[PDB]
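Structural overview for review
The residues making up each chain are set out below.
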Amino acid sequence: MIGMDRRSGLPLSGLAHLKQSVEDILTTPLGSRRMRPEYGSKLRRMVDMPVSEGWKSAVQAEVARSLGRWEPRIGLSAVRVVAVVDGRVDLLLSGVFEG
Amino acid sequence: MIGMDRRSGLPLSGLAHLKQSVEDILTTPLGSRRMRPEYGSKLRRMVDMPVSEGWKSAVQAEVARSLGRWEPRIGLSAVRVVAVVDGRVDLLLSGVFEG
Amino acid sequence: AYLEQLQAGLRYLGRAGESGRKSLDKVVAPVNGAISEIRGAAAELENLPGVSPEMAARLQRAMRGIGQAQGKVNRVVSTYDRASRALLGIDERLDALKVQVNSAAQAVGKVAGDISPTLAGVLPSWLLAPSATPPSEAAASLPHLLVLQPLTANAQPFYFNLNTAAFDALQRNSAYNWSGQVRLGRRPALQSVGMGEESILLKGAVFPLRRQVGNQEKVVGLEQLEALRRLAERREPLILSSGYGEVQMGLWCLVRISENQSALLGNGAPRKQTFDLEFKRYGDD
Amino acid sequence: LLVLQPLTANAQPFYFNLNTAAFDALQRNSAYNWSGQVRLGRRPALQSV
Amino acid sequence: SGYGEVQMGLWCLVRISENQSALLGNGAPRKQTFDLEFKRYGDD
Amino acid sequence: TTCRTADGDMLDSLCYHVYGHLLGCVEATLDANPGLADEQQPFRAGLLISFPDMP
Amino acid sequence: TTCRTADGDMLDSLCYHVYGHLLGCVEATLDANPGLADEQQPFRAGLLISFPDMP
């Protein structure tokens, strides 16, 4: 499938379109889209919550829901905390490719 | 639903009508209404009985019946004795709102 | 002369719709005594400057009553046969009540208009709006064992951990639909005619007096298995979200809940709730 | 412990306690009617009926 | 009930089966192990 | 079923919270509302929508 | 099935205690009773109602 890039307008198809397809899921909140209320992630609700070991398993369980809806060509493997600086947690979104 | 108040005749709708809907259930005895014999509560039969721990569970089981008939927009939570003065027991009728 | 006219006009229609129970002939004379007599006010009220703040609420008290008088006549008349009504000939007469009283109601509305339909049931944009913030279960200090979450995508998910349900067994039946066709002289041929039912069964036990982890001044509740019931009467599939192998399990509709709550308290409160949930894989595209 | 009470609303209710019956077990089965329709080349469709 | 939700629905009674044993002389038991069985009456 | 907005409440979100779906549910709201579509779609804080039944 | 009242027994209560329901059960009692409805509805202590069968 051939789509266009979000910035700079260039049509990119293979796997750069795959990565921006995921980051339109993860950063859109629910109900922000027009006439598509069941689109996006609850990750903005997980913004600025304390990083516990139940916060990690609630992000894995919510990325898997939101990518399971509107990204069928990605099989999610794991989400892991790899570093912590002040506020900035960072997550290695790893997943196999299907489709 | 918009009804009128019992005293002063004023039409009150949202939640003041909800509270007077409950107190028409609790203070009417059974058979006192005209052509509606299965309306009201047996709480007048519970008037001037000794406050045991089985009297409490018989009031919870009878408020839940009488509100279950003619008040579907109220889910009853609990009925608790909170004070005792001479004769005057007083009951915190707590319940969630539905409908 | 409308102060004499309409109040006498409703008096005829009180005889019209009530002296017509088991007869027909007693209806026509008060109806003839009204149509040519409500016209005596529909022509009188053609030119009034809005004479009083009173004296026209009286017209509203009357035209509501004459509006009730059409409903009494036209229902008592409608209980009869049409052939018995056609021989009387008041099918072409009761429509003149729809002409004269409507011309009288338009005449009252020109002199004294109606009150505006005031609004008392105006709510804010909250009472039908879900709290999109995640609950205290999702922020707990326990890794979630399994997660139920529906298709509406804004409803509150159910989190399996030691605070809520905490199953320790996981049956996963998965058939494969191979149909046998018996051939006479040889082995029966097997054909793959589908996929068959794949099911997941969650055993376990909820003890609703063990306090939540770290002694959070809060116990495991009695509500905390009925939340599985409320989430199951949505008639809606659920995404299972584990955390070990594949994380994106499919759509799994919930089929059966059966608790065995025993060791009761005085008010019926158990202190064990051994349940077994039972799912089937919703076959989406 | 539990109270039985009928629809006539004047009949005498039954009270579960240690004086009358006093159950100590409570099975609560609750099915949900999902009907399977077998499709030929794929998983069977489930409908909430 | 008196613990979680108090307003349970309409529940019709379907089966009573007692097992009365350890009898007295006139047939009177001194244990009666029963099992009641309800089904939820589906009102509006 | 008249509802009052805030300064950021929006139409397709509101009638999704009220009805539960959006197939035939926005233009039925815009039908029985005088001058609603003329107002800017990020709504102001004090405009009233009467949501009709059967969208 | 003739019954005798007290000074506070009332008609719709009595034929609910006798019959078990009130759909078509009060006016059938008032039909086969001469001068019952003329008497005041909070009854006196000594008036007799013959409740008919099949209300």
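Here, every reference points to the structure presented above.
**Here's the deal with the overall build of chain C**
Across its full length, chain C holds seven helices and 12 strands. For 285 residues, the compact-globule formula gives about 19 Å, and the C-alpha radius of gyration of chain C, at 37 Å, lies well above that figure. For chain C, the C-alpha atoms occupy an extent of roughly 95 × 70 × 40 Å along the three principal directions. Across chain C, contacts joining residues at least 24 apart in sequence account for 64% of those joining residues at least 6 apart. Taken as a whole, chain C presents about 15600 Å² of accessible surface, with 53% of it coming from carbon and sulfur.

**Quick notes on the packing of aromatic side chains**
A ring pair, where both rings are aromatic, is described by two values, the distance of the centres and the angle of the planes. Taken as a whole and assessed by the stated rule, the structure comprises eight aromatic pairs over all chains. With a centroid separation of 5.8 Å and 65 degrees between ring planes, the pair formed by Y39(B) and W70(B) is classed as edge-to-face. Here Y39(B) is found in the loop between helix 1 (16–27) and helix 2 (53–70), whereas its partner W70(B) is found in helix 2, with 31 residues between them in sequence. When its relative accessible area of 10% is taken as the criterion, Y39(B) is described as buried. Summarising the aromatic geometry, the rings of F160(C) and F167(C) are spaced 5.6 Å apart at their centres and angled 80 degrees between planes, so their arrangement reads as edge-to-face. Comparing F160(C) with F167(C) shows no difference in burial state: the two are buried. The structure contains a cluster of three or more aromatic residues connected by ring pairs, namely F158(C), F160(C) and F167(C).

**What about the interface of chain C and chain D?**
The partner chain D presents 21 residues to the 35 residues of chain C that form the contact. Here chain C and chain D share an interface that buries about 2400 Å² over both sides, 51% of which is from carbon and sulfur atoms. Inspection of the region where chain C meets chain D yields one salt bridge. A salt bridge links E198(C) to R43(D), with the shortest nitrogen-to-oxygen separation between them at 3.2 Å. There are 13 residue pairs in polar contact connecting chain C and chain D. If you list the elements that add at least two residues to the side of chain C that touches chain D, you get strand 10 (248–262) and strand 12 (277–282) of chain C. Taken together, the residues that form the side of chain C that touches chain D break down as 12 nonpolar, 11 polar and 12 charged. As paired strands, strand 10 of chain C and strand 3 (residues 27–31) of chain D are joined by five bridges and run antiparallel to one another. The residue bridging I257(C) from the neighbouring strand is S30(D), located in strand 3 of chain D.

**Side note on the interface of chain D and chain E**
Between chain D and chain E, the residue contacts involve eight residues of the former and 10 residues of the latter. Buried surface at the junction of chain D and chain E, summed over both partners, amounts to about 610 Å²; 72% is from carbon and sulfur atoms. Counting across the interface, chain D meets chain E through zero salt bridges. Scanning the region where chain D abuts chain E turns up zero residue pairs in polar contact.

**Things to note about the pattern of salt bridges**
Residue and element names in this part refer to chain C. The full count for this structure, using the stated rule, is 13 salt bridges over all chains. Note that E198 and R281 form a salt bridge whose closest N and O atoms lie 3.0 Å from each other. Here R281 lies in strand 12 and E198 lies in strand 7 (residues 198–202), a separation of 83 residues in the sequence. For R281, a relative accessible area of 15% puts it in the buried group. Of the charged contacts in the structure, one is a salt bridge between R211 and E217, with a shortest N-O distance of 3.7 Å. What makes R211 partly exposed here is its relative accessible area of 37%.

**Some words on the nonpolar core**
Residue and element names in this part refer to chain C. Judged by nonpolar contacts, the single largest core of 32 residues is most densely connected at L6, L13, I38 and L45. Of all the secondary structure elements, the ones that give two or more residues to this core are helix 1 (2–16), helix 2 (25–42), helix 3 (57–76) and helix 6 (97–111). Once you skip the residues sitting within four places of it in the chain, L45 turns out to touch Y2, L6, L59, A107, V108, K110 and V111.

**Structural notes on unusual backbone geometry**
Residues and elements named next belong to chain C. For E217, which is not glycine, the phi torsion reads 55 degrees and is therefore positive. By the element assignment, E217 lies in the loop between strand 8 (205–206) and helix 7 (226–230). For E217, a relative accessible area of 69% gives the class exposed. Residue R235 is not a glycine yet carries a positive backbone phi of 55 degrees. Looking at where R235 falls in the secondary structure, it is placed in the loop between helix 7 and strand 9 (238–241).

**Re the sheet that holds strand 2 (residues 48–50) of chain F**
Reading across from one edge, 1(C)-1(F)-2(F) is the order of the three strands in this open sheet, with mixed pairing throughout. With one partner strand each, in any of the chains shown, strand 1 (123–124) of chain C together with strand 2 of chain F form the two edges of the open sheet. Relative to strand 2 of chain F, strand 1 (residues 2–4) of chain F runs antiparallel, the two being bridged by three bridges. In the strand pairing of strand 2 of chain F, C3(F) is matched with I49(F).

**Quick look at the pairing of strand 7 of chain C**
Residues and elements named next belong to chain C. Burial analysis of strand 7 places five of its five residues in the buried class, which makes it a mostly covered element. Side-chain alternation along strand 7 places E198, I200 and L202 on one buried face and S199 and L201 on a second face that is also buried. Of the strand pairs in this sheet, strand 4 (residues 171–174) and strand 7 are connected by four bridges, and their pairing is antiparallel. Paired with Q171 across the two strands is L201, which belongs to strand 7. In the sheet, strand 7 pairs with strand 12 via four bridges, with the strands oriented antiparallel. Looking across to strand 12, one finds that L201 is bridged to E278.

**What to know about helix 3 of chain C**
Residue and element names in this part refer to chain C. With 20 residues, helix 3 extends 29 Å from end C-alpha to end C-alpha; this agrees with the ideal 28 Å at 1.5 Å per step. Considered for burial, the residues of helix 3 that qualify are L59, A62, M63, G65, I66, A69, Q70 and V73. Seen end-on, helix 3 carries its buried residues on one side only, within an arc spanning 160 degrees. Helix 3 presents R61, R64, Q68 and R75 as exposed residues on the side facing more than 90 degrees away from its buried surface.

**Observations concerning the packing of helix 3 of chain C against helix 6 of chain C**
Residues and elements named next belong to chain C. As a packed pair, helix 3 and helix 6 sit with axes 10 Å apart at the nearest point and diverge in direction by 160 degrees. Between helix 3 and helix 6, the angle falls in the class roughly antiparallel. Crossing geometry of helix 3 relative to helix 6 is assigned as left-handed. Where helix 3 abuts helix 6, its residues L59, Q60, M63, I66 and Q70 lie against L97, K98, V101, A104, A105 and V108.

**Section: the side chain of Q273(C)**
Residue and element names in this part refer to chain C. Mapped onto the elements, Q273 comes out in strand 11 (residues 272–274). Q273 sits in the buried class, given a relative accessible area of 1%. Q273 has contacts with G204, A205, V206, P208, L222, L225, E259, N260 and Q261, leaving out every residue within four places of it along the chain.

Here is what the cut-offs are and how they apply
- Residues numbered from 1 in each chain as written, not as in the entry; some residues may be left out.
- Chains lettered and ligands numbered in written order.
- Part of a larger assembly, values for the part shown.
- Heavy atoms only, no water.
- Helix = DSSP H or I, 4+ residues; strand = E, 2+ residues; numbered from the N terminus.
- Rg over C-alpha atoms; globule rule 2.2 N^0.38 Å.
- Contact = heavy atoms within 4.5 Å.
- Areas by Shrake-Rupley, 256 points an atom, 1.4 Å probe, with all protein chains shown as cover.
- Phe/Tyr/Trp six-rings, centres within 6.5 Å; stacked < 30°, edge-to-face > 60°.
- Buried < 20%, exposed > 50% of the residue type's maximum accessible area, 1.4 Å probe, protein only.
- Buried area = accessible area lost by both parts, 1.4 Å probe.
- Salt bridge = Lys/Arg side-chain N within 4 Å of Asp/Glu carboxyl O.
- Polar contact = N/O pair within 3.5 Å; in protein donor to acceptor, adjacent residues only side chain to side chain.
- Nonpolar A, V, L, I, M, F, W, Y, C, P; charged D, E, K, R; others polar.
- Pairing = 2+ DSSP bridges.
- Core = buried A, V, L, I, M, F, W, Y, C linked by side-chain atoms within 4.5 Å.
- Expected span 1.5 Å × (residues − 1).
- Arc of directions from axis to C-beta.
- Axes fitted to C-alpha atoms, helices over the stretch in contact; angles between N-to-C directions.
- Parallel < 35°, antiparallel > 145°, perpendicular 65-115°, else oblique.
- Left-handed = near helix turned anticlockwise from the far one by under 90°.

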